[PDB]
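In what follows, a structure is listed as structure tokens, so that the remarks can point back to it.
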Amino acid sequence: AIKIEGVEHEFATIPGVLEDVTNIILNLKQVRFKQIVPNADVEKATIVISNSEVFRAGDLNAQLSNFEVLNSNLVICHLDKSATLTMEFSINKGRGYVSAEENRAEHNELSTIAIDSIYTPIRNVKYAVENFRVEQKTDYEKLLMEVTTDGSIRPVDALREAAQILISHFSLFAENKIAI
Amino acid sequence: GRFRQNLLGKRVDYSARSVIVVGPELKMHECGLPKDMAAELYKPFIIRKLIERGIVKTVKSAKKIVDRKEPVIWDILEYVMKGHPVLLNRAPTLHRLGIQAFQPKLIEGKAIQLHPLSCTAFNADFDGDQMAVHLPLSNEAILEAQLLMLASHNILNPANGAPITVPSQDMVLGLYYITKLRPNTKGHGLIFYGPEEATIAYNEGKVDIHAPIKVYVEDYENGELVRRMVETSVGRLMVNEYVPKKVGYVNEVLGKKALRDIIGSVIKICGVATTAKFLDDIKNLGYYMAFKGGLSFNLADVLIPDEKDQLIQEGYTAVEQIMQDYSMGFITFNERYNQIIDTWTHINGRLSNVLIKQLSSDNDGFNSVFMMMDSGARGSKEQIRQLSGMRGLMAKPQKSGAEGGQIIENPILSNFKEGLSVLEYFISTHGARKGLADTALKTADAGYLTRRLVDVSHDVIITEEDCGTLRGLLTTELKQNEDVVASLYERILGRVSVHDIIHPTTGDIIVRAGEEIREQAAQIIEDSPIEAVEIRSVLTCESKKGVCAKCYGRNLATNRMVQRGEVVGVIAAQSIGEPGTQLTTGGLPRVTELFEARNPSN
Amino acid sequence: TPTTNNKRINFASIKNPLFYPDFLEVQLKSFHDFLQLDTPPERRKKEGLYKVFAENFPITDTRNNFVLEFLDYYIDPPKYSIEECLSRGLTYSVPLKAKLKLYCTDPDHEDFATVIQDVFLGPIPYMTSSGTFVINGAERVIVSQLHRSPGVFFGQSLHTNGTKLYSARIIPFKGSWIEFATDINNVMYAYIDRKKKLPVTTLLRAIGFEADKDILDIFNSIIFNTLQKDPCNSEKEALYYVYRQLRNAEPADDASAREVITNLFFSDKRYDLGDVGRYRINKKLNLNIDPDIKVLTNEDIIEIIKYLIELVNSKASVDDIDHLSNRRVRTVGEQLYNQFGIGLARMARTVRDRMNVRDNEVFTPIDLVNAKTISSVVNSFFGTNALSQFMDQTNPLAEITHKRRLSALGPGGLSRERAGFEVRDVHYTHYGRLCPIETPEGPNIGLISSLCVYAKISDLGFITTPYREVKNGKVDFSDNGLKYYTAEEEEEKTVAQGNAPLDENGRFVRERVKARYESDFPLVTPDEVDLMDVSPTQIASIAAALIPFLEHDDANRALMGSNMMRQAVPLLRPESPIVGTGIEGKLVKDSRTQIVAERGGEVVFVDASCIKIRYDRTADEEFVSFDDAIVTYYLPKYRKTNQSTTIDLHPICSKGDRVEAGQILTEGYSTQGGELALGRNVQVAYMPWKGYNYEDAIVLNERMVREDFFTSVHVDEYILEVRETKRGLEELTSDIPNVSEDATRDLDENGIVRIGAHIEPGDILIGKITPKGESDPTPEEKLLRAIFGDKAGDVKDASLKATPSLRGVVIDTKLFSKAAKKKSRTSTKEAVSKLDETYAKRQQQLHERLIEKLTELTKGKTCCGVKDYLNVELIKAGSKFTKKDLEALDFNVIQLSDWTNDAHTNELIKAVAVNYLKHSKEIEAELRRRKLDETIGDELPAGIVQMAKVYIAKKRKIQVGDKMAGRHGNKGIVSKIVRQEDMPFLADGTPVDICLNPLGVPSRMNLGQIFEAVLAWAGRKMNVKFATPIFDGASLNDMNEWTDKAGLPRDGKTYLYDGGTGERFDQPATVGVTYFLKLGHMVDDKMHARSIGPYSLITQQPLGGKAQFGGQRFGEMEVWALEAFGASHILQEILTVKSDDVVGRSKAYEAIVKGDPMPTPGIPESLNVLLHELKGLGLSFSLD
């Protein structure tokens, strides 16, 4: 969710800011985050950029103690020498992907604009296999695997969690045998 | 002005309209239906079922809850949708197979999902048309729907005995994929028992999908019970697990021709529901196998023949001589035209055939273009020749005051592989838009034939179970002064006979009088040296105000005797009018001349 | 931002030694020939509006004592701006003024007075600087119209009763057409307009040829046979008859026939042949008399009848129609000329009428001319004529092809009832003049053929196009002198072709060269090629010369590909096609949709709403100074086009930039970085996936809905007029009866929806509540229910409610002008006088600085002598009329230096004259602003008081059912949105995004798409982008070299894997990158259904159309279908209760909801109507 001061809808424009509000929201979509503490449910932020600047990602003071930004060096927008901008954020946790209009749930209050949200923390995965052998005796196998993430969590934690869920599935489907 | 169009054409109040999309998961008697269309058409039934819930007392509250569609039950839509079929409706309905019923099914989004093998009945394409839907609301209507309307019963062509749902390019491609014959691969030359050992040995990669193996299988010799050692391949076994156990076993390369032959034999031997289940399952398996084979197209697939660079060159010198010959003028201009077009056609053919053979032999197991051509999925020798050989010849039409006719002296020798010079591409645009204009004008011409000849006729029905008229036609086969063009077989088939017939070989009654003549009997008769036979004609019916059941004969929509109470006339009208669109002295003039008792003026 | 600021790779095989002729030559060239804003001091030699006036005026009496004459017009600046016209709904037009000379001569005496009056004779719409007119708030175009060339033409018509009938045709510019045709009896007949036969001997003796024996003597059996069937045989009786068989039962006077024939063949003021008509007459007839009467002469008739008999006896050849040299062009200027001249001409007719009777001292030009007829005719031509059309204004390419559209319907060319196959066709001579490949099929195949790029219009209506001179082996210079040529001369010279490889020295490099000489098509020796096409990219139209990799494609595929480009929706963030041809860039430049830099300088200020540029100051120092000069260009930020596809722009220069002339400040509206950007690059794979790509459908990955490179915006407009009624006043108020407070929440207190809300269908948009007491039958009902509090009171609730199926976001709602500035201050004269005196004070002070500037900034010059000038100039400056002493400049001190330069003081002071003239213009416009502001205000429809409006915009994504396309014909529709996992993913973890069916490919010969795919994959690392000319593109070996150097399979193939099974698809699949477009048939507007709905008041049938849902036409054919099978209750309930029984429908509905599904069908009203409409008589209907 976003609440800009002096703009009421997704097609306005702010004096002295080189981009639309649409592009502000669109590129705010792309900023990947991280925790530092567990139990952080949802958070609201207040940015007051009030100086002759170029407004960038890490320029976001992760002013809430509960949370931080990984990618600091992204260009939100180019201000002029004189633009004054006030923004308010909401960051929340989730899975998979959700579109905008479902996020209309949270009380627009004539100002709030809901935005899309891509939650997935993974970017690329690999596995490959190839035989290895001793003379005359076979059945040696190489599995080589690669995990490429956003940095919000090391590969080991995610890999462990995936296996935990998969074993949790097969557990019931092997032991318990309720019958018709 | 008043009493013709809008006196009958109308508004409707339980209809809907939207766009259609191909269905690769549903059965033959189901359709995919966006959630809101279904949430709206069925609204009154839903309203009653909320009423019978007891939770609501007022239809106003029910409307309030069905409009805003809040987190309450769609279970009622799921239920009601399950026994309350829906009529799918095309806009330009030509013959009845443009209107059907279906069992509807929820899907995601805002598009109508429809099964791939039914559209050919609609004779439509998937450009994005906006099919209409209707809801019956009365149980007599719904019974007529799910008893006569429903698609699974409507598999034949009322025009004539052809089947309507011949499968398409991709299924025939997959089936052609499974049933080839490669000499030496995984697990050549071993022994099985049929099902168990074959499925085991394939399922453990000890034999690939395809290798010539010898196996012990059961097939009926007319019609019994021989179990021998056939040489075949897993694959053909997998499909022949599904060909019903009343015809025997299938051993050929399974093209399109053969697929139609088989679907015909199975329908004629065992009936409609059976042939339906067969066609559905063959769809599914061949379609999955075509996918898992991973078939695609590449440049390296298409080998231009080396000799083309030779051959295209070579004719030049021949052309050169026939140039210099006409240079010394002994030869007339038009015959120069004729000779050069002949030579270029010769080289075109000798390139095309060598092209196609080289295309065949590179793997014999696969060449995307080669199998797409030969399996009859889609393509032709001509298209593929363009994709790898000269464009051929093209006409000099001159587009006005000329027949066209005489064609360019120089063929378009470059093929689409290499690219075209500017002038050739200009000539191609010339000819192609010529063809498009020709098609547009032909469609315009056919429109009037269609409308008038559909407006030929309208009338009433047949009305008796027999017509007593033991004075029928002497039916025989017609041969037009060089050969025979129309067979007695279909001319005799399905038409009640008069006198019990026996073979010239002694003591074999072939028919009992007043019996439905059958395909087997028809074949026996054709083999016999009998010449003609006496059968009834809808004409000679004694029964006034109609025609007798036995007068007419086979139903042609099912494969049964026509029964009491069904209108034949409008069927005959539609079936005789619709082919007018292809009808290109012929045409409308002669047809209306003969119907309307006009003088030939000659 | 470190923007890429990248430069593409050209790849050709030959130099490009000839540029792009600009696009907008035709429209803006013509209109700037016709009229311009201001200063025609000494202009328009010879053609122009001045030619109109010197051809029509002066108008005098029947030698009676009174005359009118013309004194030059001035052309006035527009009263309102383009944008303000668009917003308001007016027309961008300029007022016109002319100094009419009344010249009253004393009755039966010498002259009485010789006076001039300034006449404002009406507004005429003006051309925005792109060739488009905003009429009533819409933007329209005058399309061109191919023409018939006047002159003489020769055709032996055939099959007319089998016999050959040669007809010669004389074709004027205005008037009737003349024919000379042979009868079946080999008898020769002359007549008019191809009409009924009339003997040529009869017309000959109608001209004044003597007795028939002498006619034979001067003309000698075709003429003899004509005499044999001639019903007249001597002069007097000859014309007596020739008038008799023109009308029946009316007299056949000789003298009337003499006058008729004389005016038919020899009247200058009754026969109107254009100079082009005279030219064609002269050339086809090989005549040597160009300057003469524009009308037929006797020698012309003699020569035409001689050539007529010469081609009657089969000694010549017929003419051709589709030949382009027989069609002219008549650009917008010519046809506006024609209508204007007609209007003024019969205006002169009626002024002749008025002044034929002429008193004195009672007529001054104020009452002489009711010229408003000129207003009528011109406004009608621009508002209703055949050729003026709305604009397909959804896509830059759509316009820039829309403005060289070349229609052929209506007067000027052939007619829709005269075309055979040729006007449906592409002739042998459309080469370069008229597009071969874009003549879109349908009802208009040949009719609306479009113009090539290099095509240029000569001065006669001949389409011309460049060639490069060629002689004796060289390209004569390749080149220094281009030779534009017209169609007519082309027909005898061998024209070589460009893709016949050259050195970079002007030499052909083979023995055989391809050429077209006659309508034949040979392969010539380069020892006699005489002239060469400039660029082999010539023979494609503008949208046709944008296809990558053409020479490997089908014609028809390219046709529909172009027709799909023409409607490509403007995306939300386009992307340069990393493959293209070197024509983008220029094409955005010709479009004036981007804020171009006017003059060099640095940029003070940039935002997305205004670009504030300090231009170069140097212009004011060949001056001394006059004022500050900084421009502020404002931006197109979201606005609705015709087709609802919004337009937007974004600046592309930074706060310290210095910008040169010809620079593009802004990107957007399908433009990026100065390049034409329609679609996106994407990863695609060619493999039939689960058969969801059965036919030419398509398969999508979830990234593509997540990357949002397939998204757009739409917006539409809602209007509502409130009106003075005959019985009440209409209102825009919030007090809407019977509606709920929530439906008013989005409404402001001013009865309209505020900006900043979302709309659910059915809610109020514009609150219109109107106490229209037109119910003169008991308005006490008005009062009775208007005092209840809800005030329905026959006070009609006309509050427009949100259409069903519409959801969106509210933009800005205007209120326009509401009939009165006088609305406060408890006074009328007080407020108006306060406003006038404020006007006066800032007038006087601004003009005071204006006087100071003109005075102290003019005195600087090297004029020598005593001062003598400051005080006199000041006292003149106190009461500047600005004309008395403007040129004099006190006429002494500047005159002391007899020799002087250009008089920079004169330059400065006429600049001040201009600046105060414009200042007075806007200040008097401000005056009329306020004055009419206390009135109805802006130009508003007479019978209504106000019109309100709202804007609604919708942000639209992709979903199943939407249509997609590409640049090679691949139309398709989305079938399934696949999750990213189980897309077939290559050996490096990247799942493909689009999967396409290989089946559709090898039957429609368009393997250009896979070539594009391989290159765009070999580039997306990314290495440098590409650019190749159409028919000189990238060869295959070089393709292979790049694919190698990018680290790829040299063959375009690869292996692939399945998510779900890991299997390696045993045959290698093809993968690549391709360019992809979204078309405008979005499925969100193909949804409708209905169960129950509102009922009509003329029949118990509920209409439909998604304006109100309704149903579909249950037509005749499905009546026949339910006939064919045994429809028991289906058909009966369709024709009885499903429709057209509101009583039965209500009963059946209430029964279905009430638990009785058994109907009781009765008798439709159609039969009730039948008994009622038959009318019975003395009535005998039945009860049995």
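Here's how to read the names in the structure tokens: chain A, B, ... by the order shown, residue numbers from 1 in each chain, ligand numbers from 1 in the order shown.
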With a cut-off of 6 Å, could you pull out the residues of chain B touching chain C and give me the nearest pair of atoms for each, distance in Å to one decimal, using only C-alpha atoms, ordered by chain and ascending number, as JSON lines?
```
{"residue": "B:9", "atom": "CA", "partner": "C:1115", "partner_atom": "CA", "distance": 4.1}
{"residue": "B:10", "atom": "CA", "partner": "C:1114", "partner_atom": "CA", "distance": 5.0}
{"residue": "B:11", "atom": "CA", "partner": "C:1113", "partner_atom": "CA", "distance": 5.3}
{"residue": "B:12", "atom": "CA", "partner": "C:1111", "partner_atom": "CA", "distance": 4.7}
{"residue": "B:13", "atom": "CA", "partner": "C:1091", "partner_atom": "CA", "distance": 5.4}
{"residue": "B:14", "atom": "CA", "partner": "C:1091", "partner_atom": "CA", "distance": 4.7}
{"residue": "B:15", "atom": "CA", "partner": "C:1111", "partner_atom": "CA", "distance": 5.9}
{"residue": "B:16", "atom": "CA", "partner": "C:1089", "partner_atom": "CA", "distance": 4.0}
{"residue": "B:17", "atom": "CA", "partner": "C:1088", "partner_atom": "CA", "distance": 5.7}
{"residue": "B:18", "atom": "CA", "partner": "C:1087", "partner_atom": "CA", "distance": 5.4}
{"residue": "B:41", "atom": "CA", "partner": "C:1091", "partner_atom": "CA", "distance": 5.8}
{"residue": "B:48", "atom": "CA", "partner": "C:1153", "partner_atom": "CA", "distance": 5.2}
{"residue": "B:96", "atom": "CA", "partner": "C:1121", "partner_atom": "CA", "distance": 5.2}
{"residue": "B:111", "atom": "CA", "partner": "C:961", "partner_atom": "CA", "distance": 5.9}
{"residue": "B:141", "atom": "CA", "partner": "C:1130", "partner_atom": "CA", "distance": 5.2}
{"residue": "B:294", "atom": "CA", "partner": "C:1065", "partner_atom": "CA", "distance": 5.2}
{"residue": "B:296", "atom": "CA", "partner": "C:687", "partner_atom": "CA", "distance": 5.4}
{"residue": "B:379", "atom": "CA", "partner": "C:1003", "partner_atom": "CA", "distance": 5.7}
{"residue": "B:416", "atom": "CA", "partner": "C:552", "partner_atom": "CA", "distance": 4.9}
{"residue": "B:419", "atom": "CA", "partner": "C:551", "partner_atom": "CA", "distance": 4.3}
{"residue": "B:420", "atom": "CA", "partner": "C:551", "partner_atom": "CA", "distance": 4.6}
{"residue": "B:429", "atom": "CA", "partner": "C:555", "partner_atom": "CA", "distance": 5.1}
```
Could you pull out the residues in segment 449-584 of chain C that DSSP calls strand (DSSP E or B) from the backbone, as a compact mmCIF listing (two decimals) with N, CA, C and O atoms, in the first residue's frame?
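Okay, this is what ended up in result-v1.txt:
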```txt
# COMPACT_ATOMS: atom_id res chain seq x y z
N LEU C 451 -0.23 4.92 -50.57
CA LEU C 451 0.85 5.56 -51.31
C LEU C 451 2.20 5.07 -50.80
O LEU C 451 2.38 4.87 -49.60
N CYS C 452 3.15 4.89 -51.72
CA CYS C 452 4.49 4.48 -51.32
C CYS C 452 5.20 5.63 -50.62
O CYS C 452 4.69 6.75 -50.52
N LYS C 456 5.92 11.27 -54.86
CA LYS C 456 5.84 12.72 -54.78
C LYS C 456 4.85 13.21 -55.83
O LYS C 456 4.72 12.62 -56.91
N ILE C 457 4.16 14.30 -55.50
CA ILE C 457 3.07 14.82 -56.32
C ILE C 457 3.59 15.96 -57.17
O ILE C 457 4.12 16.95 -56.65
N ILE C 463 1.34 11.38 -60.10
CA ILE C 463 2.22 10.90 -59.04
C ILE C 463 3.60 10.66 -59.61
O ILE C 463 3.76 10.07 -60.69
N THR C 464 4.61 11.12 -58.89
CA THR C 464 5.98 11.03 -59.35
C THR C 464 6.82 10.36 -58.28
O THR C 464 6.44 10.29 -57.10
N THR C 465 7.98 9.87 -58.70
CA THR C 465 8.84 9.12 -57.80
C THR C 465 10.26 9.19 -58.34
O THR C 465 10.44 9.39 -59.54
N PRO C 466 11.27 9.13 -57.47
CA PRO C 466 12.65 9.30 -57.95
C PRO C 466 13.19 8.07 -58.65
O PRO C 466 12.88 6.94 -58.29
N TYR C 467 14.04 8.32 -59.64
CA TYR C 467 14.99 7.35 -60.14
C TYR C 467 16.36 8.01 -60.18
O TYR C 467 16.48 9.24 -60.17
N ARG C 468 17.39 7.17 -60.23
CA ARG C 468 18.75 7.66 -60.41
C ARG C 468 19.20 7.40 -61.84
O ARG C 468 19.00 6.30 -62.38
N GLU C 469 19.78 8.42 -62.44
CA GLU C 469 20.20 8.41 -63.82
C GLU C 469 21.19 7.27 -64.05
O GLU C 469 22.03 6.98 -63.21
N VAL C 470 21.07 6.62 -65.20
CA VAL C 470 21.95 5.51 -65.55
C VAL C 470 22.27 5.56 -67.03
O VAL C 470 21.37 5.65 -67.87
N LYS C 471 23.56 5.48 -67.36
CA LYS C 471 23.99 5.40 -68.75
C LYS C 471 25.19 4.48 -68.86
O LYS C 471 26.00 4.39 -67.92
N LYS C 474 27.76 2.82 -66.00
CA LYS C 474 27.76 3.47 -64.70
C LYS C 474 26.36 3.80 -64.24
O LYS C 474 25.43 3.97 -65.04
N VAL C 475 26.21 3.91 -62.94
CA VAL C 475 25.14 4.71 -62.37
C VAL C 475 25.64 6.14 -62.44
O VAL C 475 26.67 6.47 -61.84
N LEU C 482 19.03 13.59 -59.01
CA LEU C 482 17.87 12.72 -59.02
C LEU C 482 16.94 13.14 -60.14
O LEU C 482 16.79 14.33 -60.42
N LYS C 483 16.32 12.18 -60.80
CA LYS C 483 15.29 12.50 -61.77
C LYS C 483 13.98 11.95 -61.23
O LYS C 483 13.75 10.73 -61.26
N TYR C 484 13.16 12.81 -60.66
CA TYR C 484 11.78 12.42 -60.44
C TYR C 484 11.14 12.16 -61.79
O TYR C 484 11.45 12.82 -62.78
N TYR C 485 10.26 11.18 -61.83
CA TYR C 485 9.57 10.92 -63.08
C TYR C 485 8.09 10.74 -62.77
O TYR C 485 7.71 10.33 -61.66
N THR C 486 7.29 11.02 -63.78
CA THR C 486 5.86 10.76 -63.80
C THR C 486 5.59 9.49 -64.59
O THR C 486 6.39 9.04 -65.41
N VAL C 495 14.12 -0.01 -66.92
CA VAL C 495 14.43 0.38 -65.55
C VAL C 495 15.07 -0.81 -64.84
O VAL C 495 14.43 -1.83 -64.61
N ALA C 496 16.36 -0.68 -64.52
CA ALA C 496 17.06 -1.72 -63.80
C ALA C 496 16.62 -1.74 -62.34
O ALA C 496 15.82 -0.91 -61.90
N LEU C 502 26.17 -3.71 -56.79
CA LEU C 502 27.03 -2.67 -57.30
C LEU C 502 28.37 -2.71 -56.58
O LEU C 502 28.48 -3.21 -55.46
N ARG C 507 29.00 0.34 -60.54
CA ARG C 507 29.16 -0.66 -61.58
C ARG C 507 28.37 -1.92 -61.23
O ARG C 507 28.50 -2.45 -60.13
N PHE C 508 27.55 -2.38 -62.18
CA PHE C 508 26.93 -3.69 -62.06
C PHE C 508 27.99 -4.78 -62.16
O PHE C 508 29.00 -4.64 -62.85
N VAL C 513 20.98 -8.66 -65.67
CA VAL C 513 20.37 -7.68 -64.77
C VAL C 513 18.87 -7.73 -64.95
O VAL C 513 18.37 -7.83 -66.08
N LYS C 514 18.15 -7.66 -63.84
CA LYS C 514 16.71 -7.81 -63.85
C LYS C 514 16.04 -6.46 -64.07
O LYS C 514 16.44 -5.47 -63.47
N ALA C 515 15.04 -6.43 -64.95
CA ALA C 515 14.37 -5.18 -65.28
C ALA C 515 12.95 -5.45 -65.77
O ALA C 515 12.59 -6.58 -66.10
N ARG C 516 12.15 -4.39 -65.81
CA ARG C 516 10.82 -4.41 -66.39
C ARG C 516 10.76 -3.33 -67.47
O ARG C 516 11.00 -2.16 -67.18
N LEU C 523 15.03 -10.05 -68.23
CA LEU C 523 16.29 -10.14 -67.49
C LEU C 523 17.37 -9.61 -68.41
O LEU C 523 17.92 -10.35 -69.24
N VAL C 524 17.68 -8.33 -68.27
CA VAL C 524 18.38 -7.59 -69.32
C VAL C 524 19.89 -7.55 -69.13
O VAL C 524 20.41 -7.79 -68.03
N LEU C 531 18.06 3.69 -66.23
CA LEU C 531 17.68 4.40 -65.02
C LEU C 531 17.31 3.38 -63.96
O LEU C 531 16.66 2.37 -64.26
N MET C 532 17.72 3.66 -62.73
CA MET C 532 17.75 2.67 -61.66
C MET C 532 16.89 3.11 -60.49
O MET C 532 16.85 4.29 -60.14
N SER C 541 4.94 -0.07 -48.93
CA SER C 541 4.33 1.09 -48.32
C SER C 541 4.90 1.30 -46.93
O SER C 541 5.71 0.52 -46.43
N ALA C 568 -2.25 -2.03 -33.21
CA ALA C 568 -1.54 -2.49 -32.03
C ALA C 568 -1.74 -1.51 -30.87
O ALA C 568 -1.33 -0.35 -30.96
```
Atomic separation - atom CA of residue 497 of chain B relative to atom CA of residue 272 of chain B, Å: 25.4 Å
Shell of 9 Å around segment 67-82 of chain A, only C-alpha atoms, local chain residues under 4 positions omitted, as a ChimeraX atom specification: /A:16-19,23-24,27-28,31-37,40,43,50-63,150-152 /C:1,605-607,655
Emit the selected residues as a PDB file, in the first residue's frame, including C-alpha atoms.
```
ATOM      1  CA  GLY A  16       8.947  18.719  -9.587  1.00  0.00           C
ATOM      2  CA  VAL A  17       9.241  14.919  -9.861  1.00  0.00           C
ATOM      3  CA  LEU A  18      10.374  13.570 -13.199  1.00  0.00           C
ATOM      4  CA  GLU A  19       8.256  10.383 -13.142  1.00  0.00           C
ATOM      5  CA  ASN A  23       6.218   4.570 -12.459  1.00  0.00           C
ATOM      6  CA  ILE A  24       6.926   5.253  -8.778  1.00  0.00           C
ATOM      7  CA  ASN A  27       9.485   0.416  -9.643  1.00  0.00           C
ATOM      8  CA  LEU A  28       8.658   0.287  -5.936  1.00  0.00           C
ATOM      9  CA  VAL A  31      12.544  -3.668  -4.247  1.00  0.00           C
ATOM     10  CA  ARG A  32      13.592  -6.884  -2.490  1.00  0.00           C
ATOM     11  CA  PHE A  33      13.803  -6.954   1.274  1.00  0.00           C
ATOM     12  CA  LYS A  34      14.970  -8.973   4.282  1.00  0.00           C
ATOM     13  CA  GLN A  35      14.214  -9.576   7.922  1.00  0.00           C
ATOM     14  CA  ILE A  36      16.626  -9.301  10.802  1.00  0.00           C
ATOM     15  CA  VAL A  37      14.126 -10.360  13.452  1.00  0.00           C
ATOM     16  CA  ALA A  40       7.637  -9.125  12.203  1.00  0.00           C
ATOM     17  CA  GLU A  43       4.957  -2.645   9.031  1.00  0.00           C
ATOM     18  CA  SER A  50      13.033  17.065   1.563  1.00  0.00           C
ATOM     19  CA  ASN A  51      16.296  17.920  -0.175  1.00  0.00           C
ATOM     20  CA  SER A  52      17.792  18.280  -3.650  1.00  0.00           C
ATOM     21  CA  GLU A  53      18.361  14.610  -4.269  1.00  0.00           C
ATOM     22  CA  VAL A  54      17.984  11.554  -6.444  1.00  0.00           C
ATOM     23  CA  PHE A  55      15.706   9.285  -4.442  1.00  0.00           C
ATOM     24  CA  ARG A  56      17.160   5.768  -4.312  1.00  0.00           C
ATOM     25  CA  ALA A  57      16.315   2.469  -2.660  1.00  0.00           C
ATOM     26  CA  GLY A  58      18.821   2.311   0.181  1.00  0.00           C
ATOM     27  CA  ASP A  59      17.960   5.937   0.814  1.00  0.00           C
ATOM     28  CA  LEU A  60      15.001   4.282   2.430  1.00  0.00           C
ATOM     29  CA  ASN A  61      15.970   4.435   6.049  1.00  0.00           C
ATOM     30  CA  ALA A  62      14.946   1.028   7.276  1.00  0.00           C
ATOM     31  CA  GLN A  63      13.803   3.141  10.195  1.00  0.00           C
ATOM     32  CA  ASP A 150      17.766 -12.856  -3.431  1.00  0.00           C
ATOM     33  CA  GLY A 151      19.974 -12.841  -0.363  1.00  0.00           C
ATOM     34  CA  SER A 152      17.033 -12.724   2.030  1.00  0.00           C
TER      35      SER A 152
ATOM     36  CA  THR C   1      20.367   8.064 -14.918  1.00  0.00           C
ATOM     37  CA  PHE C 605      13.601  23.372 -15.875  1.00  0.00           C
ATOM     38  CA  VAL C 606      12.241  19.882 -16.490  1.00  0.00           C
ATOM     39  CA  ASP C 607       9.254  18.157 -14.971  1.00  0.00           C
ATOM     40  CA  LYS C 655      17.941  19.876 -15.638  1.00  0.00           C
TER      41      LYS C 655
END
```
Every residue of segment 728-831 of chain C that DSSP places in alpha helix (DSSP H), as a PyMOL selection string: chain C and resi 741-745+780-786+829-831
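Atom CA of residue 56 of chain B sits 14.4 Å away from atom CA of residue 76 of chain B.
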Contact residues (chain C, partner chain A, 9 Å, only C-alpha atoms) as JSON, numbers by chain: {"C": [1, 605, 606, 607, 608, 609, 637, 638, 650, 651, 655, 706, 755, 756, 757, 809, 810, 811, 987, 988, 989, 990]}
d(atom CA of residue 462 of chain C, atom CA of residue 325 of chain C) in Å: 6.6 Å
Exercise: residue 847 of chain C partners within 12 Å, only C-alpha atoms, chain neighbours under 3 positions left out, as a PyMOL selection string: chain C and resi 839-844+850-855+877-880+882+912-913+915-917+919-920+923
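Here the question is which of C:386, C:289, C:653, C:351 gets nearest to residue 604 of chain C using only C-alpha atoms, and that residue is C:653.
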Spatial neighbours of residue 105 of chain A, max dist 12 Å, only C-alpha atoms, sep filter under 4 positions, as a list in words: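 Here the answer would be residues 1, 99, 100, 101, 109, 112, 113, 114 and 115 of chain A.
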Close residues, segment 258-262 of chain B itself excluded, 9 Å, only C-alpha atoms, min 5 positions apart in chain, as an NGL selection string: :B and (163 or 166-167 or 172 or 252-253 or 267)
Exercise: residue 933 of chain C partners within 10 Å, only C-alpha atoms, chain neighbours under 6 positions left out, as JSON, numbers by chain: {"C": [817, 818, 819, 820, 821, 822, 927]}
Proximity to residue 87 of chain A - best of A:159, A:21, A:179, A:165, only C-alpha atoms: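 For residue 87 of chain A, the nearest of the given residues is A:21.
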